[PDB]
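This report concerns only the one structure given below.
Protein chains: 2
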Amino acid sequence: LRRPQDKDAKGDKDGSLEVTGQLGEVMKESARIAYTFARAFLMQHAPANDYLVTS
Amino acid sequence: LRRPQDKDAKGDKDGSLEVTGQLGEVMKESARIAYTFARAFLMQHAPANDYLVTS
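Protein sequence lines correspond, in order, to chains F and A. Residues in the first sequence are numbered consecutively from 784, following the authors' numbering. Residues in the second sequence are numbered consecutively from 784, following the authors' numbering.
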């Protein structure tokens, strides 16, 4: 985690990823794919959790 | 402080931070982290104090 989620408990802003490690381009799209898919998995499997959505 | 902190002493408005000085995007992260830890440290050391929470 880079920063606590609770700017305010109601925030709908997405838990935007912040890559480090000298990303090129293909690594950016890959991280975004993994990010959205991991979001989908936690959605489908553990709906109650949302920690990946807003942090 | 920008305008008076007595703008509404009853008002629970967040103390907005408005940083200046050609901040890096990471500097904004360090600064918001600074505001948060300042609030945390202030509760750790001077709980009665109320600037950072409401100024």
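No residue lacks a Cβ here, since even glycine has one placed at the ideal position from N, Cα and C.
Where the alpha helix (DSSP H) containing residue i begins and where it ends
i: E812 (chain A); result: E808 to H828
C-alpha distance - residue i paired with residue j, whole-angstrom precision
i: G804 (chain F); j: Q788 (chain A); result: 42 Å
i: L784 (chain A); j: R815 (chain F); result: 40 Å
i: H828 (chain A); j: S838 (chain F); result: 28 Å
i: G798 (chain F); j: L806 (chain F); result: 19 Å
i: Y834 (chain F); j: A823 (chain A); result: 22 Å
i: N832 (chain F); j: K790 (chain F); result: 18 Å
i: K811 (chain A); j: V802 (chain A); result: 8 Å
i: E808 (chain F); j: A821 (chain F); result: 20 Å
i: residue 756 (chain A); j: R786 (chain A); result: Here chain A comprises residues numbered 784 to 838, so residue 756 (chain A) is not present and cannot be evaluated.
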